[PDB]
Each structure stands twice: as structure tokens, then as C-alpha cells.
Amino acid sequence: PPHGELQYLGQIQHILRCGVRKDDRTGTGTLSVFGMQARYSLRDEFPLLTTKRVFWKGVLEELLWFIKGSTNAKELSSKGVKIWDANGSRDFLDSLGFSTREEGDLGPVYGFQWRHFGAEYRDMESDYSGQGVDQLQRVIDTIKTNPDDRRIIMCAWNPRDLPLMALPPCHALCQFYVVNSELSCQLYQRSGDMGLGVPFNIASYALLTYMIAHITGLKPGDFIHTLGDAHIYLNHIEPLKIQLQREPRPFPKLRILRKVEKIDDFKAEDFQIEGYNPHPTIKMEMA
């Protein structure tokens, strides 16, 4: 029975061989395929890639920051995870014509869309309690009451809010699915940087699934990752060919250390990755 990591490595291989050359907004150049889908089993394994070290601290801390609805890069910055920092900087905000906005204000990105979809965004300090739709809690209650439901969706693509956003979300929607007591999740990702983004993104949605599984009493099933524009940046080709030579190692397991009742209650300390000794990190220049 093949290693789950092979779905991912297979996709890189496919894009390297069949991707078509396609310029991008950043100017870097890509090899590009439109429309891909892979399936990672969450059953007694957590698919944290092993052919390079993935930023597990970043994934967990960033997901908790989404859960709490934060739209303040500094709030994540402070937990030791700098991934959003450039996007909240003075210069960049200015780049986009957001001169009035205070630094760190990312606008109505994921955390606001997850907890407050449709509320009038003001700034990153505002109290949004009980405004907009709480999609994350709705997904959880739907699972608890009607697992057969075919509309368990959370959606961060808000055409109305895109003008106000630092970055338009790559992870546009996700759907949950339950049969035989197993919770699955399919993410629609409109845009995937295969090198730097995608491994992080898989870990991030798998983690969401385990969290949701845990508070609804279900076992984690499958994470189905669907891609729009799946791309390898031209300058990721060499780092990736090195990656492609390494041997997958067993995926870690993910242990949740205490029974947790509300998704809001999860703390970073609740979670232990166990058995993860990946091949070394591989830097890939950000585009």
C-alpha cells in the first residue's frame, strides 16, 4: 500500500513533465497545470511531509490564529511565526492603496471570514462578536446533528471583501463529509505554490480535520486536496529535484493530549506531533 507522500511527489513529477510555462503576477515564471486532486489518508497517520521539514509550529500557530478570528499579523508574529508579517507592513499596505490602515491589519482575511462572514469589516481591533455568520461553529453543529448533510461548507472567498484584503485567500472553500463515523474534508485551493505553499497547506487542513473530528467524536477519514492553478515556480525546480531524490519516511501521528469541548478552547500545548524525523529543510525563494 503506497506512502501518502507519493500523491504529492507524483504531482510535482506530473507538473515538471506536463506543466505548461505560464507567467505569473510576481514575474517569476511557473510550470502550470489547471485542475488537480489528491487524497491523503488521515487514518492513524498525520500527513506532515517527510522529504523535507515542514514548519509544523507555523501550521499549528497559524491555524489557532484563524480559529480565534484574528486579522492582526502582529498577533501571530508574537507566537514566533512570521509568515504574515510582510503582508501587514507599512510599505505593503501602501503598495495596495491602504494608506489609512494601521500596520498588521490584514483586512477581512481567513479568521474574519471563518467566524464573521458577511459582517462589515472595520479594523483588526473591532469587536465582531455575534455579527456575520460563524461558519466554523456552523460546520461543527451540522456535523453533531446531521452528519449526512451535503452542505457542510466553510468558504473564505468573499467577492465583497476582496478589495479590503491584504491577499485574496488561496484556500477558497472547504467541505466536510461524514460516513461510517469518519470525518473527511475536501479543500478547494485556487492557487498552489507546489514547492513552498502546498506541503504547509496539506498539514493545515489535515490539522483542521483532526480538530473537528476530535470535538465531534468522529475518527479522521481522508483529506482531499483539490487545486486550481497548481504551479512550480521556475526557481523551485532545483530545490524540488533534490527533494524528489529523498525517501519518504513514515508519517508522524498527531496526538491530542486532552478532551477539548469547543474548538475555541484548543491551545497549542494540546497537540503533540509524534515520530516526525523528516529529511532536512529545503528553502525555496518566496515569489
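From 1 onward, residues are counted along the sequence shown. Rigid core here is just the name for the largest C-alpha set that superposes within 1.5 Å across the two forms.
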Hey, after superposing on the core, which one moves around more in 5 other deposited structures of this protein, 176-184 or 156-164, CA-wise?
156-164
Core-aligned, which moves more in 5 other deposited structures of this protein: 191-199 or 167-175, by CA RMS?
167-175
Relative to the other PDB entries of this protein in the set, is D91 coordinate-less in at least a third?
yes
As a check of understanding, is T142 unmodelled in at least a third of the other compared entries that model its flanking residues?
no
Look over 141-149 and 75-83 in the entry and identify the one with the greater average Cα temperature factor.
75-83
Looking at the deposited entry, does 112-120 or 172-180 carry the larger mean Cα B-factor?
112-120
Taking the values straight from the PDB record, which of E62, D222, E261, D229 has the highest C-alpha temperature factor?
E261
Can you tell me which of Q135, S99, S204, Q186 has the highest Cα temperature factor in the record?
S99
Here the Cα B-factor of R90, set against its chain, lands in the third termed highest
Per the entry's values, where does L244 land by CA temperature factor relative to the rest of its chain, in the lowest, middle or highest third?
middle
Relative to the other modelled residues of the same chain, rank the CA B-factor of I256 and answer lowest, middle or highest third.
highest
Hey, what third does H214 fall into on Cα B-factor, ranked over its chain?
middle
Chain-relative C-alpha B factor for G58 (record values, thirds): the middle
